[PDB]
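[1] before I ask anything, here's the sequence and the deposited coordinates:
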2 protein chains.
Amino acid sequence: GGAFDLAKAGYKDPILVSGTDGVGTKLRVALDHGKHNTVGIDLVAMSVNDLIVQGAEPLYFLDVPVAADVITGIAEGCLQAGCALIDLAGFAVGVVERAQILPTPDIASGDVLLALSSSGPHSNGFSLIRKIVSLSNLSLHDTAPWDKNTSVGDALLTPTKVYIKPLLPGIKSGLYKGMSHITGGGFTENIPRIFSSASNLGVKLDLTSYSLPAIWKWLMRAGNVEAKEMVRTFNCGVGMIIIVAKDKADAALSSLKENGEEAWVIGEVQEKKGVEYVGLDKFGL
Amino acid sequence: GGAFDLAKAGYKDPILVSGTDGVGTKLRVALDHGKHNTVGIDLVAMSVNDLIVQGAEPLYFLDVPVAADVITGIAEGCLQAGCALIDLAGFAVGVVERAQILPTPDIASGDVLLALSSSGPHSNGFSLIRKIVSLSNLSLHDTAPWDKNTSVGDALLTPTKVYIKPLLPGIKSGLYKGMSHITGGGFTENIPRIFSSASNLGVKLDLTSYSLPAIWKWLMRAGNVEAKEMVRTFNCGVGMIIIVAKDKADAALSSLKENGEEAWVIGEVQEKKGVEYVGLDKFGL
């Protein structure tokens, strides 16, 4: 009831970390569509995903009948993340063992980047998406031209994935060296945050390592969005980027899939600041 | 920057506790008066004072140009409590050693109640106070008839005291067995919360052990408020009630005064559920 026994939770050297994030335009999409339960899940997912990149298990979370529908989603999001419930914004508190806190300072050139699939746009890029959908003469309750089994609104309102459960096992085992929750600004803006402001290291991202999900292929064509713009606006099907040493890449991938997260090798660390893209001319085929 | 090293903070067996409280009508008083910096301090004081009763040091706190003035008060309140900043409502997170968490289960009949003076009404009872002031033909910017050196508004807007600093030393030394932050409902509603719902123990409060502060003597007369009503509505000059064993009463009092809190013996624990008052006919003289 508000108090958490950290030792009973398994922590003998706990470090407290705090995360915060918001939703934004996706709420306007939930309004115009009528269903708001997902945006409550998004507010939790975004907040707790910002904790897991540091290796922390979430503990607390804090943030009209519209408000009633969202609060039910927040509840569903906490149950999926495993934390206690206390333009939108959320705040979560988590804990991580001192020896397991991320990112580590052992990151070097040659380390491998892994990618976790996203459920969709998550909670970023909806201002542009709405424009592309409208100019294509579509409405939220139309059948999605890329997924005939669902409507445009439902596909866009798909809740942000919660990456707490599938990552904690590898965090406890020291399989990961750093992570980046892919939110606004795509790969270009998010991945560099793993390194220091004056770090000589960056990443090389192989955009041919996977096939673009259908929703992004459609948005890319319907909106005449060039590949270099896609990777700077949307998550492009990747919800989380994780850096791991080469000798641990197999174990990390096995752990992620064991916990139900589709993962693959998407790039590598190199001695060049920023994000460098391979196959920009093939991205989207 | 959002992360707290609990071991570095001195905790080898930390327990996390969460506190929450609001201000309420005192904000309307700040509006009608023009100065809102104090209500920001109140929102912090109330939240952190609900943590200290459990023995916990506050760590995090979270909650128009009116909003600008209050945020400055919240800042001033966090600096006084020592926590990091993240009808109003606040939420604070604190930490306490397992062996120091309060209340203890060793409370028994014969233990002594100590009282800490309040700065004024703190954050409760302003609906009735406003009525009494108005019917007395006074306004917020009139000179307080009980304190000629200040105005009615300033005296009523006095910020709630922060009891973190003067209590932590005694919490670490195990001098206290339990506390009750006196908020709404006066002694009658707050003190019983220290015990279990089915506890056979209560308290005997000696209302002749101290002189009522001038503001309460005035409100008691101006508003024709009977003593049994005072102790069920206002804090009556006592911001915190603390239970201590008889053999530790001297040490506790010495510790509280050493840290600048005027404290005195106000009652004792006895085998009778509820709050029992002594000297109700003398209260206010």
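    Cool, the structure landed. Numbering: from 1, shown residues only, chains lettered A, B, ... in the order given.
[2] using the three-state scheme, assign the closest residue to residue A:240 other than its chain neighbours.
    In this structure, residue A:240 finds its nearest non-sequential neighbour in residue A:116, 4.0 Å apart by CB to CB, 6 or more residues apart in numbering or on different chains. The C-beta positions use only the backbone N, C-alpha and C, and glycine is treated the same way. With DSSP: H, G, I helix; E, B strand; the rest coil as the basis, residue A:116 sits in strand.
[3] number of residues surrounding residue A:116?
    Residue A:116: 23 surrounding residues under other CB atoms under 10 Å in any protein chain shown.
[4] also residue A:64?
    Count around residue A:64 with other CB under 10 Å applied: 7.
[5] check the gap between it and residue A:23 for me.
    As judged by CB to CB, to the nearest Å, residue A:64 and residue A:23 stand 16 Å apart.
[6] same check on residue A:285?
    Distance from residue A:285 to residue A:23, by CB to CB: 32 Å.
[7] next one: residue A:269
    31 Å.
[8] so between these two, which is more surrounded?
    residue A:23 (27 against 24).
[9] was I right to think that one contacts residue A:38?
    No. Using CB atoms under 8 Å, residue A:23 is not in contact with residue A:38; the gap is 9.7 Å.
[10] count the neighbours of the residue of the stretch 101-250 of chain A found nearest chain B for me.
    Residue of the stretch 101-250 of chain A nearest chain B, by CB to the nearest CB: residue A:101 (8.2 Å). Neighbours of residue A:101 under the rule other CB under 10 Å: 17.
[11] show me what from the stretch 1-150 of chain A comes close to chain B.
    Counting by CB under 8 Å from any CB of the partner chain, the positions of the stretch 1-150 of chain A adjacent to chain B are A:2-7, A:13-20, A:54, A:59-60, A:62, A:86, A:91, A:93, A:98.
[12] what's the closest non-adjacent residue to residue A:16?
    Nearest to residue A:16 is residue B:4, by CB to CB, 6+ apart, at 4.5 Å.
[13] contact partners for that neighbour?
    Taking CB atoms under 8 Å, 6 or more residues apart in numbering or on different chains, we find residue B:4 in contact with A:15, A:16, B:59, B:84.
[14] what of residue A:97?
    A:11, A:12, A:13, A:14, A:15, A:55, A:172.
[15] PyMOL command to pick out the buried ones of the residues of the stretch 1-150 of chain A next to chain B?
    Filtering the residues of the stretch 1-150 of chain A next to chain B down to the buried ones (16 or more other CB atoms under 10 Å in any protein chain shown) takes a single PyMOL command:
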select buried, chain A and resi 4+6+14+15+16+17+18+19+20+54+59+60+62+86+91+93
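[16] can you report phi and psi for the residue nearest the centre of chain A?
    The C-alpha lying nearest the average C-alpha coordinate of chain A belongs to residue A:239 (CA atoms, centre = their mean; 3.4 Å). Dihedral angles of residue A:239 (phi, psi; degrees, to the nearest 10) stand at phi -90, psi -20.
[17] can you check residue A:96 too?
    Torsion angles at residue A:96 (phi, psi; degrees, to the nearest 10) stand at phi -140, psi 140.
[18] residue ranges for the strands of chain A, please.
    Per DSSP state E, chain A carries strands over the ranges A:4-5, A:14-22, A:57-62, A:84-85, A:89-97, A:112-117, A:178-181, A:202-206, A:238-244, A:263-270, A:275-278.
[19] and the fifth one, which strands flank it?
    Read it as strand A:89-97. Strand A:89-97 pairs in its sheet with strand A:14-22 (antiparallel), strand A:57-62 (antiparallel), by DSSP bridges.
[20] chain center to stretch A:38-56, what's the gap?
    8 Å (CA atoms, centre = their mean, to the nearest Å).
[21] swap in stretch A:157-175?
    The answer for stretch A:157-175 is 10 Å, by CA atoms, centre = their mean.
[22] buried residues in that stretch, which are they?
    A:157-164, A:166-168, A:170-171, A:175.
[23] list the ones among those that fall in helices.
    A:164, A:166, A:167, A:168, A:170, A:171 (DSSP state H).
[24] and the nearest residue to residue A:102 once chain neighbours are set aside, what does it touch?
    Among residues not flanking residue A:102 along the chain, residue A:55 sits closest, at 4.1 Å (CB to CB, 6+ apart). With contacts defined as CB under 8 Å, 6+ apart, residue A:55 is in contact with A:96, A:97, A:100, A:101, A:102, A:171, A:176.
[25] the third one touches residue A:170, doesn't it?
    Put plainly, it is residue A:100. No. Assessed by CB under 8 Å, residue A:100 is found out of contact with residue A:170, at 10.0 Å.
[26] thinking again about what came up before, what's the closest of the contacts of residue B:4 to residue A:264?
    For these, the minimum distance to residue A:264 (CB to CB) is 30.7 Å, reached by residue A:15.
[27] quickly list what the closest one is bridged to.
    residue A:96, residue B:5.
[28] for it, what are its contacts?
    A:56, A:95, A:96, A:97, A:98, A:101, B:3, B:4, B:5, B:6.
[29] returning to what we had before: quick check: the residue nearest to the centre of chain A touching residue A:121?
    No. At 10.2 Å, residue A:239 does not count as touching residue A:121 under the criterion of CB under 8 Å.
[30] overlap in contacts of those two?
    Between them, residue A:239 and residue A:121 share no contacting residue, judged by CB under 8 Å, 6+ apart.
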